Amino acid sequence: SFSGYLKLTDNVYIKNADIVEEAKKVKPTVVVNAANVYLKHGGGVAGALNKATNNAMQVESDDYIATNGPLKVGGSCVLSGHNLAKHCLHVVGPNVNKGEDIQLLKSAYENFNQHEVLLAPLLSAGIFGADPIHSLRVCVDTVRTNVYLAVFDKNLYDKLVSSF
Ligand SMILES: CC(C)[C@@H](Nc1ncnc2[nH]ccc12)C(N)=O
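Reading the sequence shown from the start, the letters are residues 5 to 168 in the authors' numbering.
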């Protein structure tokens, strides 16, 4: 049910859209969250997805951390998608503003290969501080399953396409 995407490769598609609005429209099997290790969904993609769930994502996430402890940078966990998707795959890309290793970005994108099709944002981009052009290149060179990327900023979308 994905519509209006530009094909980049055999398996990677892109659209200028808010991932929350795309998830509400499509109700995909898997929506990816740009999470941190504590699953504290304050801003960016995570804060916007959590707000759209009426804070249910945060309540579930707090129970997950109380039981399991924090995720690893480069790691993931599968939780409910609430009203947005069947599942949410919470993936932790490195936060360059905190000195985390950018080489962990490839490990973060490898989590996508466990799912046949995903709606996702660019990992480590936006408020996580990494170069979005680099994040798109690692995505295309790492993910083998079908990924539909939603990029909120129109100016950045146009730059990603024109430099691909
Ligand atoms: C990861 C970033 C490059 C990107 N953020 C996002 N991209 C897609 N849906 C989103 N909802 C809330 C944030 C958000 C951006 N700022 O264009």
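Note that beta-carbon positions come from the ideal geometry of N, C-alpha and C, so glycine has one too.
Between the C-alpha atoms of residue i and residue j, what's the straight-line distance to the nearest angstrom?
{"i": "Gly85", "j": "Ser5", "result": "17 Å"}
{"i": "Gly48", "j": "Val24", "result": "11 Å"}
{"i": "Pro136", "j": "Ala56", "result": "24 Å"}
{"i": "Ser7", "j": "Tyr152", "result": "10 Å"}
{"i": "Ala27", "j": "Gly46", "result": "19 Å"}
{"i": "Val77", "j": "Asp105", "result": "9 Å"}
{"i": "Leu10", "j": "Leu164", "result": "11 Å"}
{"i": "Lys102", "j": "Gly133", "result": "9 Å"}
{"i": "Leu160", "j": "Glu114", "result": "24 Å"}
{"i": "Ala154", "j": "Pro32", "result": "13 Å"}
{"i": "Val82", "j": "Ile69", "result": "13 Å"}
{"i": "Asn15", "j": "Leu140", "result": "13 Å"}
{"i": "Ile131", "j": "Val95", "result": "15 Å"}
{"i": "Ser166", "j": "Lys90", "result": "33 Å"}
{"i": "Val30", "j": "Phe156", "result": "16 Å"}
{"i": "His138", "j": "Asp67", "result": "34 Å"}
On the premise that residue j lies in contact with residue i, defined as a C-beta separation below 8 Å, what is that separation, rounded to the nearest angstrom?
{"i": "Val147", "j": "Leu109", "result": "Contact flag wrong, Cβ pair sits at about 12 Å."}
{"i": "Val34", "j": "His119", "result": "5 Å"}
{"i": "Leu93", "j": "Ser111", "result": "With a Cβ gap of about 14 Å, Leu93 and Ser111 do not count as contacting."}
{"i": "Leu88", "j": "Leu53", "result": "7 Å"}
{"i": "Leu12", "j": "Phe168", "result": "6 Å"}
With DSSP as the reference, please indicate the residues paired to residue i in a beta bridge.
{"i": "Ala154", "result": "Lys19"}
{"i": "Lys11", "result": "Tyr17"}
{"i": "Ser167", "result": "For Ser167, which the question treats as bridged, DSSP gives no partner whatsoever."}
{"i": "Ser80", "result": "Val95"}
{"i": "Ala38", "result": "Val95"}
>> Within 8 Å, do at least three Cβ pairs link the segment 34 to 47 to the segment 117 to 128?
In response: By the Cβ criterion, the segment 117 to 128 is in contact with the segment 34 to 47, since at least three pairs of Cβ atoms, one from each stretch, lie closer than 8 Å.
> Can at least three beta-carbon pairs, one atom from the segment 71 to 85 and one from the segment 10 to 23, be found at a separation below 8 Å?
Replying inline: Flag = no, the segment 71 to 85 and the segment 10 to 23 do not touch.
>> Just to be sure I understand the criterion: a residue counts if its Cβ is closer than 6 Å to at least one heavy atom of ligand 1. Which residues meet that?
In response: Ordered along the chain, the selected set is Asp22, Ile23, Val24, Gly48, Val49, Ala52, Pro125, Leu126, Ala129, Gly130, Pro136, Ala154, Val155, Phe156, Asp157 and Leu160.
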